[PDB]
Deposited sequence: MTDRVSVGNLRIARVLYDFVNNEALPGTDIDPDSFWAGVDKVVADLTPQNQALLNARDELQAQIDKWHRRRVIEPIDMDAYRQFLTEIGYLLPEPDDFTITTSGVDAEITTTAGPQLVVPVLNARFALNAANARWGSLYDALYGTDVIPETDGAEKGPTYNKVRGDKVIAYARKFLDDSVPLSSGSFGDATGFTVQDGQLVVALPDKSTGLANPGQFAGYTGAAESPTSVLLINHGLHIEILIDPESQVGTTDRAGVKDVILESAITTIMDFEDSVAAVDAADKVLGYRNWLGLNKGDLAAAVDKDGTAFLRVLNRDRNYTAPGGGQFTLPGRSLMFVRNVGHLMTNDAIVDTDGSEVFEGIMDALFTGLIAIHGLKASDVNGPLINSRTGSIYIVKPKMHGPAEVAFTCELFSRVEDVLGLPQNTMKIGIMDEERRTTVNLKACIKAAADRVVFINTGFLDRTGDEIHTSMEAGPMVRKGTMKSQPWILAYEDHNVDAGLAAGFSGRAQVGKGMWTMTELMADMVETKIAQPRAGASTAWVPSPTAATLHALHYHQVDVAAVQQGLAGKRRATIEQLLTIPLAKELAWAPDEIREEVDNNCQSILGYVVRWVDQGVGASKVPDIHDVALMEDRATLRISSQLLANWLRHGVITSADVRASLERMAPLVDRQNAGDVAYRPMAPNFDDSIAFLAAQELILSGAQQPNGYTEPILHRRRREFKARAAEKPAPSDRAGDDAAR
């Protein structure tokens, strides 16, 4: 075989070599000790990992049976969940004690970017998205409407560009207002006695709050740029009258640069497809290159930014997004390592070991600098159900730290609140990680998937779009904020909210996503560097720190509200509405899955039934498949409806896609990808907690097997 024996484990050769030859050198960790620790940790923790998974199944069985035996008593339901151990006692008030955390996390409110780690180009751009051009983000998106005269063309449109300039001028007025007048009338900027002076047509003025002046570049009397700060976030006005845009500007302003993606989550979970050692190694290698600073795709990582202080001295700001890594959760095994019985090893355990080992490089000098200067490794742990599962993650990290010779608590945990049993036990979950937690985040897409599967037997659910605004989800959002603030997260840890999936609807995002920081979230998720820059605007308009202060002590969600099942009312839909829902889900499912199975792409932009481009990953797939499963289970639709829609949408997806692409139609059953999509719906009710990995992984491996022979 092509495996390496270490104790009871048989490690795929490609993974063994990668760890030894690429990851271990420079960590000062004895290799034999590392591998012994791998075997030991896997041996010691696997039983509890299995027990926790079995507990999920047992609880779901009882809940399924509860709905089945009744013909909607919140009182009785709540007592039942208590009896079975689903709803646990709430612990007394406490405050988290997490330490050694960077300011980007404890203090700074701003955008958080998530990107698939298996795509080096995207990962690189994402790390570099700490700073982004506001002009490019406005000009290149629909935030400036493409009305007549302002449409995008092959070359620069001054009507459009002038609207960009004015938009940003208004942003400056709103964010760092002048003592008198408006940035729109500025004719120049200078630094005099350490104070920013803005020349206006018939006078000059300073800032209403001179403390917002953070620095400059070039000569004080004719700067190349001016640096401002507001709500802890930097804004840089680039000055160059000799530039394409600058020459058209009254003050020669070239661009406005926003500090944007303050942190970035490098994702090994829902936005990547990795089903064997080869895929995991591609991912691990990228994570390694990021932490060593030498990833090159040839584009590379940016250096820090140099500035002159108001007084005349020097300082630097970080050029890169502070990096988290999202490990997989407790569910899946992977055959990258198997034991002597041929049993696959739990992937979550493997990720802790390997991504933790690799992260050590980010704690030390890059030959090309330092991810975490405070000495922490930031791991987002997804898809946990309840406080015991959180405690298990903490014990896993404790054991890994021992293997890696790291101080206890080095490996921090970003807790996704994205499963119902975590939501309804959130305080206890936070308490279980009280010395490790660096965020809680409402992963609302997974949470919706879990909502549907948990009450699968209850009755038919409301349509997917409707889910987005159901009582249960709004309560879940407020409850998360309440719990975090009560645990003392303000100034200590991030309170985060979810992803904006409509990658091209930036005007809509700028209009609507402002609700997130208004709700007291100190970060929320964006799909791209461009969206990070635009979402940053919201943090300039809302003072999140103040909002969190104002929410202190408030309790705005009850357990009854959290437990309100999103069942549909009688006669809710006309036939065309049902057909729309089916087609919409089938389109999104097929569009995502075909690239997953045939190309190993874990995140794709897929137009919905309204031609809206949506960023799809396993969470959104979890919702679509579970919703159709639910409708099939309750007779809203038939298996022929599902068949018809999948077959209808298949050619449109073939059309949307080429090169490595293999069309699904007309020979649907020759397409493993098409059969995968079908399986996800038809077997959806039987998947543990409605998770999509078991099917996707089986089918992707099947496809590789055929393409290989």
Sequence ranges without modelled C-alpha atoms (deposited numbering): 1, 73 to 75, 302 to 310, 382 to 384, 674 to 675, 728 to 741
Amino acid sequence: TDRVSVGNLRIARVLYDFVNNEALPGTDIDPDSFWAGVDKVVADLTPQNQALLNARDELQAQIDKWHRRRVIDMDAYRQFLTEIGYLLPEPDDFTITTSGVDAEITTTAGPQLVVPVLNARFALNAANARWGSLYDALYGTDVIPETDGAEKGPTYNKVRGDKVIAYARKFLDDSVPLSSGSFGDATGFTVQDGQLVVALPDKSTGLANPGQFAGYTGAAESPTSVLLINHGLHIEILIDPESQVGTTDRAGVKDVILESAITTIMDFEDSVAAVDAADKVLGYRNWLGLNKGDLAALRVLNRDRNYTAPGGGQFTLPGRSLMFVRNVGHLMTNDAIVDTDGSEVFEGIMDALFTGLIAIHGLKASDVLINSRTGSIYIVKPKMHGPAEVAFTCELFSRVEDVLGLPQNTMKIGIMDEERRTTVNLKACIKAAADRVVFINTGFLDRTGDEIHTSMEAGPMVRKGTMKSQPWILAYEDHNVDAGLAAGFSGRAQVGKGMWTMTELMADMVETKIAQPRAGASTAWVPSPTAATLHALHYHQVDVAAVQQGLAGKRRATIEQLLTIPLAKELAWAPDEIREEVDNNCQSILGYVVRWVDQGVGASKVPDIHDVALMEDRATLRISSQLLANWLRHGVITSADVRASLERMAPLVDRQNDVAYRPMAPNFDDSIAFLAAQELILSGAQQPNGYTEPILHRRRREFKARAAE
From here on, numbers count along this sequence of modelled residues.
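Here, rigid core means the biggest group of C-alpha atoms that superpose within 1.5 Å across both forms.
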Between 501 to 509 and 369 to 377, the one whose CA atoms sit farther away in 4 other deposited structures of this protein (rigid core aligned): 369 to 377
Higher-scoring stretch by recorded Cα B factor average, 159 to 167 or 416 to 424: 159 to 167
Per the entry, higher mean C-alpha B factor between 342 to 350 and 192 to 200: 192 to 200
Selection from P517, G283, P223, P407 [criterion: highest C-alpha temperature factor in the record]: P407
From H453, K254, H234, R555, residue of greatest CA B-factor: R555
CA B-factor ranking of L53, expressed as a third of its chain: lowest
Cα B factor band for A261 (lowest, middle or highest third within the chain): lowest
Assigned third (lowest, middle, highest) for the C-alpha B factor of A665: highest
Chain-relative CA temperature factor third for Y135: lowest
CA B-factor placement of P111, once the chain's modelled residues are sorted into thirds: lowest
